[PDB]
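Novice: 3D, please:
(2 chains, ligands or ions: 1)
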Amino acid sequence: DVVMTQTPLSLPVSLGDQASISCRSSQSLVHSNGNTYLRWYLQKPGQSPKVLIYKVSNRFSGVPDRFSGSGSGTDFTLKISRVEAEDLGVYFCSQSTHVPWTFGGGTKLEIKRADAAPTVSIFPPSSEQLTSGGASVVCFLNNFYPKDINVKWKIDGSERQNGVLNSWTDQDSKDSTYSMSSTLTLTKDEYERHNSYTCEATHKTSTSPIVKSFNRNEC
Amino acid sequence: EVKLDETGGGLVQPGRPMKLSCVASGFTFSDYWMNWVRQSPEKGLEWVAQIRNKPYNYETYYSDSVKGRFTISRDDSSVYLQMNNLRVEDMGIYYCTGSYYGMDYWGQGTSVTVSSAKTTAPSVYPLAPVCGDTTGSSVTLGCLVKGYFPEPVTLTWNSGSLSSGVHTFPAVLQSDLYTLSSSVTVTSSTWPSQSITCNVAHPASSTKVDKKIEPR
Ligand SMILES: O=C(O)c1ccccc1-c1c2ccc(=O)cc-2oc2cc(O)ccc12
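Specialist: Numbers count the residues shown, from 1 in each chain, chains lettered A, B, ... in the order given. See the structure here:
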């Protein structure tokens, strides 16, 4: 099991910028036969990985000349000379010298933009849902940048783990921001035993958590 | 002009098996090594199994994790993968690859869903701004689509007239059933002055719901 470590995991760039991505193997990629079987792949959303580079530095037919691979032994580099829109995706390196064949974790190529704090909205359970014996508390954290963010659920000031469902959007085409959905699901019984429900988000944009709260009794 | 087109995916109750078929269509099938690779719900690309050729005495290799349960085979044209004893952890997208002198060609992929769940219609709920209080210039509304199965729901805002300011979050599997949510940001001029309706479809259970967002 050769370990392919890929760096960085996310690479913000502006269109026309040059980008470089690295890959390290645990063991040497040099096959007894003399070949170095290291491949570079690009996966655009909704499609399958397509190889760009094979055997370190051979560019597959039809791949733009703006892509080039280099390295030897256990250190490999992928280089894009002028980032275009159609270049955005996830890039993987993979070795095929040793069984089992293995892959790196991916590097996402995304647009660079100014930091923007999340706009947080909190939503108590709807009447229709309580009527069913369930109570879902929802929090939207919209249009923020960078993507990194932590969300904490607090009930009567104590932290709640269990029953949280998080979902994230992909970088927005228009503005380059990300959005996130955090839903805490409780039983109607539980929701009626507690009063204070809070959504607290930690983001680089601010030193202190972004808090959004509601009191059930005040509903 | 290398072509790989896999087939044979769907739902599978765990413990149960399934058979994946890939017909390699634009090369000397005999000269290439064939492979099965899968991609898990996240960032996890995984090499599953390998079937070599004559020269390499049709050796067969398999990843730790499917060893004794899956069989790669070839029809010198096509390659098959017999998936037996399907667990949840084997849920992912499955791609067929043709390998040759360092190069690799991938097909389209086939999704393999492993779940006990049966077809269940979603519960759609209106998400109105806070317990009759503070919100409204520009107000944010939402719609919650809870516990449906399988895979596909469609959510629209005002029958698709209102497209801007909406965010639709990818569905996530909450212990055998999916949940989806969507937000729409309007202006205080607009709501509740106007009508804001969440439209949801779940073709598989024949559901078509329209939920109006009313001031809570
Ligand atoms: O690289 C070859 O000599 C080769 C030729 C035709 C078919 C397969 C291979 C091939 C390998 C052949 C022998 C071997 O010891 C290792 C090979 O690794 C390969 C890795 C690939 O990605 C892709 C292909 C190979």
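
Novice: Leaving out sequence neighbours, find the closest residue to the residue of chain A found nearest the ligand.
Specialist: Residue nearest to the ligand within chain A: residue A:96 (3.3 Å; Cβ to the nearest ligand atom). C-beta here means a position set from N, CA and C on the backbone, and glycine is covered the same way. For residue A:96, ignoring the flanking residues on the chain, the nearest one in space by Cβ to Cβ, 6 or more residues apart in numbering or on different chains is residue A:37 at 4.1 Å.

Novice: Was I right to think that neighbour contacts residue A:97?
Specialist: Yes: counting by Cβ atoms under 8 Å, residue A:37 touches residue A:97, with 4.7 Å between them.

Novice: Give the residues shared as contacts by these two.
Specialist: By Cβ atoms under 8 Å, 6 or more residues apart in numbering or on different chains, residue A:37 and residue A:97 have these common neighbours: A:29, A:31.

Novice: contacting residues for residue B:79?
Specialist: B:21, B:22, B:23, B:24, B:34, B:51, B:72, B:73, B:96 are the contacts of residue B:79 under Cβ under 8 Å, 6+ apart.

Novice: a strand runs through it, doesn't it?
Specialist: Yes: assessed with DSSP: H, G, I helix; E, B strand; the rest coil, residue B:79 lies in a strand.

Novice: Any figure for the gap between it and chain A?
Specialist: 16 Å (Cβ to the nearest Cβ, to the nearest Å).

Novice: Would you quantify the distance from that residue to the ligand?
Specialist: 14 Å (Cβ to the nearest ligand atom, to the nearest Å).

Novice: For that residue, name its beta-bridge partners.
Specialist: Note on residue B:79: beta-bridge partners residue B:22, residue B:74, judged by DSSP bridges.

Novice: following the longest helix along chain A, which helix or strand comes up?
Specialist: For chain A, the helix with the greatest residue count under DSSP state H is helix A:188-193. Downstream of helix A:188-193, the first helix or strand assigned by DSSP states H and E is strand A:196-202.

Novice: Other residues contacting the helix or strand just after that following strand?
Specialist: If you walk from strand A:196-202 toward the C-terminus, the next helix or strand you reach (DSSP H and E) is strand A:210-215. For strand A:210-215, the surrounding residues in contact (Cβ under 8 Å, 6+ apart) are A:117-118, A:120-122, A:124, A:139, A:141, A:195-203, B:130-131, B:133.

Novice: Buried by neighbour count, from those residues: which ones?
Specialist: Neighbour counting with 16 or more other Cβ atoms under 10 Å in any protein chain shown marks A:117-118, A:120-122, A:124, A:139, A:141, A:196-201, A:203, B:130 as buried within these.

Novice: quick check, nearest of the residues you listed to residue A:28?
Specialist: For the buried ones among the contacts of strand A:210-215, the closest approach to residue A:28 (Cβ to Cβ) belongs to residue A:203, at 42.1 Å.

Novice: wait, doesn't residue B:87 sit right on residue B:13?
Specialist: No: between residue B:87 and residue B:13 there is no contact under Cβ under 8 Å: 11.1 Å.

Novice: Give me the common contacts of these two.
Specialist: With Cβ under 8 Å, 6+ apart applied, the overlap between the contact sets of residue B:87 and residue B:13 consists of residue B:114.

Novice: from memory residue A:18 sits against residue A:82, does it?
Specialist: Yes: assessed by Cβ under 8 Å, residue A:18 is found in contact with residue A:82 at 6.8 Å.
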